[PDB]
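*Asks:* Structure incoming, see below.
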Protein chains: 4
Amino acid sequence: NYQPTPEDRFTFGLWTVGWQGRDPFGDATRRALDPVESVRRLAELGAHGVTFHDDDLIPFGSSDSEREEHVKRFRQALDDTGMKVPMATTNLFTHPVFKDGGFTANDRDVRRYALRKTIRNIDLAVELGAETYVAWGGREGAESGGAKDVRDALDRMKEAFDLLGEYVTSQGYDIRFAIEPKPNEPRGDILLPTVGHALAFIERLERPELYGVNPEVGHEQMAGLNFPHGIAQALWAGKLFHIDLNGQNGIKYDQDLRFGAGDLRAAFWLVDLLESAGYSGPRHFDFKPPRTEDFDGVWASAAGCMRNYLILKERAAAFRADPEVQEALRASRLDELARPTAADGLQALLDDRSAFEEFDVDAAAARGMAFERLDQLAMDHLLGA
Amino acid sequence: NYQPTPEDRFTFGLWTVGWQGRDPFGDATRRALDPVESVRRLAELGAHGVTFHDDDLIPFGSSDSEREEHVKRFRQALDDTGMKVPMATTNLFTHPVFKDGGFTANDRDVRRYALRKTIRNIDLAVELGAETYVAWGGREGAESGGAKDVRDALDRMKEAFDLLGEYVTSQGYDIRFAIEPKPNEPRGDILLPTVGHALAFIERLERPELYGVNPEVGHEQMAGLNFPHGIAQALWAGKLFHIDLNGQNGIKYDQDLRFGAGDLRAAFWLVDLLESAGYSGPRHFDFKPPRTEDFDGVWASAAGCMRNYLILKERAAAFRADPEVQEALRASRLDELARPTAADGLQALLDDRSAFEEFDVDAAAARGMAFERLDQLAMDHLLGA
Amino acid sequence: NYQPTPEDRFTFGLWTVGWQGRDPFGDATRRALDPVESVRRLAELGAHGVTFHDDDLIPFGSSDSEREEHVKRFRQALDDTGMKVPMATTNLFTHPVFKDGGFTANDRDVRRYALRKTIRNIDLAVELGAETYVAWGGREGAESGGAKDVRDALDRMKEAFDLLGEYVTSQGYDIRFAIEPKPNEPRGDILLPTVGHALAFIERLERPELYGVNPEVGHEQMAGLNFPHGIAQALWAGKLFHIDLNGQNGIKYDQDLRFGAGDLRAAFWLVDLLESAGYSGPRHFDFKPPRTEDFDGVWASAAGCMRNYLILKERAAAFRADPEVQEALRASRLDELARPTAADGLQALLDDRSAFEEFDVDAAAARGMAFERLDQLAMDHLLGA
Amino acid sequence: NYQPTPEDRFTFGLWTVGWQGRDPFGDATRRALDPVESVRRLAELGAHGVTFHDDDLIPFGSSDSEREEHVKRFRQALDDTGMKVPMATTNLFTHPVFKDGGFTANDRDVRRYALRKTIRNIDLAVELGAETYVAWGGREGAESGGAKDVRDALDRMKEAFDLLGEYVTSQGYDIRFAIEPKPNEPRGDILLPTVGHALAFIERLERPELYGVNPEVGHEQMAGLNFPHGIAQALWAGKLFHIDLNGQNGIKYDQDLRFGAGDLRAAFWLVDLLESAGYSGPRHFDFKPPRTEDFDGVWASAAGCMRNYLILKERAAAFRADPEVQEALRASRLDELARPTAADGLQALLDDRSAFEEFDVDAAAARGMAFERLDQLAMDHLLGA
Ligand SMILES: [Mn+2]
Ligand SMILES: [Mn+2]
Ligand SMILES: [Mn+2]
Ligand SMILES: [Mn+2]
């Protein structure tokens, strides 16, 4: 029942199941994991792949020999399991050098270092088979209003992403970029704080088609926004290159709960959308097994992620398949919503008297939308009633 | 001291000082105002202009004779005072017909009615002298996940804005459109919920250059976002067509407090940005005099709005002019932030050994950003210390 | 399946299913309801009772003859259906006189009027059979810091509740009082903003035992707080006199969605607590059928409320009954949590070397809490997997 | 100008200026500080005292010899400067043993260890001169609903605080306890999440008079609550034993910005209240110098804290002293708010016809509260206009 299989495209970061449990107020509650053990245990669970930061795989400051050896080990384990690496990313946030940002650090040399550090890991991402390269600008921001001229910072952010797009263009790489937005934490306000701000930013890049969004459930909910709506707008724009799934209990610190926790109904509507829309990219879980757990709880957490996706997937499909739902959708005119407002054209619209001078504004006002009956049907399918 | 004058470009909606005090839990605490009296009292205060919804000026359902008479009165008062009308908008939210939206109402005929209702008021806006026409889609949204297919809704939203852009193009009008984003209320989630989502949406329109944003202080703060940063990104994109100023005490219902209340420091940084960047559009106050006030408190509220702008304007200018601030900005490398990261080009960057192999990551990590001293200087100027 | 019956104790306010749909931005989308029709339609649905404000039943300003007639009608309908009135309340918020508060209005005569208005409705509540009288101080608060001396306001709030407690004591009434807390809206900050603040306030009253809390799901979630935890603390203190059930999607305006919407998991844990703890008071639904609905949607909304309670009640019971859950609870030491920490006494504790000098802090640190497996079991039962 | 002196009662934790800069996503950006250096540098700045956790002063796991030596050093430095230690606290949150709580850890032996660890530091706090002992239950809580039976947890919390109260009673100590509330982080929901919940909890303790609250600016604002109002309610209840001052930009992770940042107006009203009410306890700053700073920025941060208090103190005093403010307060009837509502008694109230039957509800409704003019006066004094 609800057993995950690699065709489900479930992926996990090395940093997720390998989180040692240090939080702002606490020390690690778990010993570090061998990336190789993660690969094999995740493959046993039914995962489709893993993702990594450069420094999850290669300890910061490794000479090429060590680095090569760390990669050969990781490469070996993927070979033995058939595990994919669909996405990679750079750690531009842990090391104190990045304390004011990577690509938008006030210090010019830190910015050039961040780009060299990322270019090095793009080569490795592509060699390992990554379709998407993620930019999380967790340190691009400020705690106070004078510390960052945001228009200059967006110049530097644009300049960095333009250079990376020129790099993958000159190398011949197929990889595309996804910005992962976050409204705040660890900076007091982070640049490109929501899906929307990142989508707007991409349109100003030099090669907009190389760039998409990698939205995370909990980051949009940290702004109180509706994650299914924002995903729908990324899909609408054609930019849902990737997605991070997890749970969040509203506006507060980034919890990275497992997927299905936090906002259960929004997780349902998310799965309904991803499946209805035919999203075919990774179902990536960017979660943190709570530091209250041992390693047995870490893997139970990872399995819950996939399991909750598959239950929601089952309930959303039965919702859409249900003829009572089909009838309720028509009673609430979701059909009419897909009809062009004025395919007859502006001039036709302007001369239509039934659209204004002779519009029965009160007969129209009196037609109930029947949204409650529809929603209680969605509730019944979610709960299995 | 801090007396407002029409060159300051301070404008007010008819619905602001004319709010009668009905809230979700309460009846009106003030009698309705004559638009004409508003015009004259605001001109006495030092306002530069007024804005209106169609139904603030012409009672809904007025035959052309009444409508013409209401406009002749309003036209007369503007003539007598020299008051400008820089912006207008349509009321697509009060009347029960709009209970599921205007441009994205599930009901097709309501959508066509909303467009005819807006086209009629565009003609009036232009005749009265409006540079900007604002779309607030307060009813475009949902309370539940199945009630609205967001990708279809954005099709209809795009189709409506494309038709309005075709309308003003065929008439020869100079007017441009500004979306006013709002994350929620009166709908549980509103489409295009932030500056960012609206900027992304505009890039998909057919004539993107006709459309900008009209951001409101309190709406971005209802998502917990940094209003100065989002304004900086609108400015960066070249889309700050208009702006709504007011106060908001964080994430909660839309308060529409007067400007300067709510987040005092963010109001300071906002004014610093608008003035540094050279924004030359209206300083529009979309506030609500609390229903605790009489009409004497209504005008004191309107005056406070302008007064708090002018005090902040004075403090932000002295901040920038202060050589100690100038030195602190250089100590925090805001200068370096304006320097191209790699004007030498990708290949130069790639072969720079001082940007990676020979980067002293620890000397760079050890340089303090000096943001605290900078911010305490901004605090001292704000408070006049 | 999940059909509600009067033994379930489901009650509804006259103002819930009778909400006409006016919100801050919109006009009514439904005609007013006859209280008598509400009584009969709710009884048909399976409700146990109704609640009312004075002005939901008697139009404000009714001479005694009309008032008597409105009560005789309502009394008649209850007789015909067997509908209970377990709780009543006073409207101290709609009328403009209450614009700065009722019991804490700065104006002394408004305060005395509020008490007379409430005393009049206490007599009616008791005659109709009310066990609980609710105080919602929606207008007790401020939009700005100088407008209200909060220590003086709490003096007046205490003085009002002390007088009402002296009133019901002298009349011989069995009725008890419940404060319904709300953090904000319609005032910018409301006094006694959470369950906790109200519980603290009651301890300073003269007859603390006459007063409890009437918490609402959405009001605590408007502060981002955990409604099951706060209910647990009310229960712990012995003060859960009543409860308002509904849905809320986080920190934003008060939505009054139907129960089960908003935070689905928190609704589950709430029902688990109310049923485990043996709460035997009303399951009162203080919700608002969205103004998008017609009267058919209003009753479907009311039925959904009761239905979602009964599904959650079924899932929470199967969770507790499940031996796998029982074993998981013991693995996570919920049993140990119910054990006195030091029933052996302070001196025994102080001389226990195994509690400090010889405590294996690292064997204890290494025992995983097994909370993930427990929570995935709760998820499986909720979803029916 | 605004130079702090020890009579101002400004205190700082060892953990504040000694924060090394590790956050959930980052490594330390500063080397550790010698407690002794902190004492001397803070005394040079004008501080009145320092506070500590046990493990800020004595490295966890120190034999008595080391421990004694660490205390002799710290004792020496206080002697040389005259620095007070008004408050101490226990670290029950860093070490992995406390991962599920201290006093409410599901594991009974961890609970007994937490009490022994705290009792040991109470002896040291008193010897060093502490008036207040603070309990921050940062690990008392849950991430999921089944992991903690909140009623049992409050039994254990009550049992622990009852034992500590029995301990200081038997030793003859003058010290009193203050709970520092926090709504969330590092746990998903923390028990006793607000000032109110903690005040309610104290009333159920065995010796309620030994216990007060230690509220923090940022923790109540993380729930979106009004920190001046909650402080007013602590003062009203007679429980403001201590207070933590800092800045917070709304609902998001705990920022611990320096005091005066975050919500500038609320900081003003806070100082106005503390000074008007005559609070005479420590002005304790529980802030974190951002990890972007070097040690020079750390001390500039600490100085800004005290400086912003003294500027606000100056502006609030001039506000209250201003006869125009005095007149505006009377126009808004803050005077009437301090008048007993019904000192004439219930029966007098009940027979007053001018309080109901003959109340001019509409003349009263028509009197404007004049809150806007009052608030703009408070704004003018704050900004120095
Ligand atoms: Mn995250
Ligand atoms: Mn607004
Ligand atoms: Mn409510
Ligand atoms: Mn804090």
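The residues of chain D that appear here are 2-386 by Swiss-Prot count, in order.
If you're wondering, the header gives X-ray crystallography, 1.8 Å.
Using N, Cα and C of the backbone, Cβ positions are placed for all residues, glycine too.
In case it's useful when we look at the structure, here is the feature table from Swiss-Prot:
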type	residues	note
ACT_SITE	D:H54	active site
ACT_SITE	D:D57	active site
BINDING	D:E181, D:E217, D:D245, D:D287	Mg(2+) 1 binding site
BINDING	D:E217, D:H220, D:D255, D:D257	Mg(2+) 2 binding site
*Asks:* Once the DSSP letters are reduced so that anything not helix or strand counts as coil, what is D:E217 (Mg(2+) 1 binding site)?
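*Replies:* In three-state terms, D:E217 (Mg(2+) 1 binding site) counts as strand.
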*Asks:* To test your reading of the Mg(2+) 1 site: which residues beyond D:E181, D:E217, D:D245, D:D287, same chain only, put their Cβ within 8 Å of the Cβ centroid of those residues?
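*Replies:* These residues sit around the Mg(2+) 1 site: D:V135, D:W137, D:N215, D:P216, D:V218, D:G219, D:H220, D:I244, D:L246, D:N247, D:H285.
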*Asks:* If one measures from the C-alpha of D:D57 (active site) to the C-alpha of D:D287 (Mg(2+) 1 binding site), what distance in angstrom results, rounded to a whole number?
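*Replies:* For D:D57 (active site) versus D:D287 (Mg(2+) 1 binding site), the Cα atoms are 14 Å apart.
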*Asks:* Just to be sure I understand: of D:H54, D:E181, D:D287, which recorded positions have a C-alpha no more than 10 angstroms from the C-alpha of D:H220 (Mg(2+) 2 binding site)?
*Replies:* D:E181
*Asks:* Rounded to a whole angstrom, what is the C-alpha distance between D:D255 (Mg(2+) 2 binding site) and D:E217 (Mg(2+) 1 binding site)?
*Replies:* 11
*Asks:* Excluding D:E217, D:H220, D:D255, D:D257, please set out which residues of the same chain place their CB within 8 Å of the center of the CB atoms of the Mg(2+) 2 site, keeping sequence order.
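*Replies:* Near the Mg(2+) 2 site, the remaining chain residues are D:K183, D:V218, D:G219, D:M223, D:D245, D:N247, D:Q249, D:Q256, D:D287.
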*Asks:* Over all shown protein chains, what is the count of other CB atoms within 10 A of the CB belonging to D:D287 (Mg(2+) 1 binding site)?
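*Replies:* Neighbour count, Cβ to Cβ under the 10 Å cut-off: 26.
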*Asks:* With DSSP assignments reduced to helix, strand and coil, which class does D:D255 (Mg(2+) 2 binding site) get?
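*Replies:* In three-state terms, D:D255 (Mg(2+) 2 binding site) counts as coil.
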*Asks:* Please list residues from the chain of D:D245 (Mg(2+) 1 binding site) whose Cβ is under 8 angstroms from its Cβ, counting only those at least six apart in sequence.
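*Replies:* Once residues fewer than 6 apart are set aside, D:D245 (Mg(2+) 1 binding site) is near D:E181, D:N215, D:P216, D:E217, D:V218, D:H220, D:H285, D:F286, D:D287.
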*Asks:* On a count of neighbouring CB atoms within 10 A, which of the recorded positions D:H54, D:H220 is highest?
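*Replies:* Top count of Cβ atoms within 10 Å goes to D:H220.
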*Asks:* Fill in the CA-CA distance, D:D257 (Mg(2+) 2 binding site) to D:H54 (active site), as an integer in Å.
*Replies:* 17
*Asks:* Check D:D287 (Mg(2+) 1 binding site) against DSSP and tell me helix, strand or coil, would you?
*Replies:* coil
*Asks:* Relative to ligand 4, which of the recorded positions D:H54, D:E181, D:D255, D:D257 have a Cβ found under 6 Å from one of its atoms?
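*Replies:* The qualifying recorded positions are D:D255, D:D257.
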*Asks:* Across all protein chains in the structure, which of the recorded positions D:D57, D:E217 has the highest Cβ count within 10 Å?
*Replies:* D:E217
*Asks:* Around D:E181 (Mg(2+) 1 binding site), how many other CB atoms lie within 10 A of its CB?
*Replies:* 22
*Asks:* Neighbour count, 10 Å Cβ-Cβ cut-off, for D:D255 (Mg(2+) 2 binding site): what number do you get?
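*Replies:* 25, counting other Cβ atoms within 10 Å of D:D255 (Mg(2+) 2 binding site).
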*Asks:* Around the C-beta of D:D257 (Mg(2+) 2 binding site), how many further C-beta atoms are within 10 angstroms, looking at every protein chain?
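*Replies:* That number is 24.
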*Asks:* Per DSSP, D:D57 (active site) is which: helix, strand or coil?
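*Replies:* SS state of D:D57 (active site) = helix.
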*Asks:* According to DSSP, folded down to helix, strand and coil, what is D:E181 (Mg(2+) 1 binding site)?
*Replies:* coil
*Asks:* Let me know the DSSP-derived helix, strand or coil state of D:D245 (Mg(2+) 1 binding site), please.
*Replies:* strand
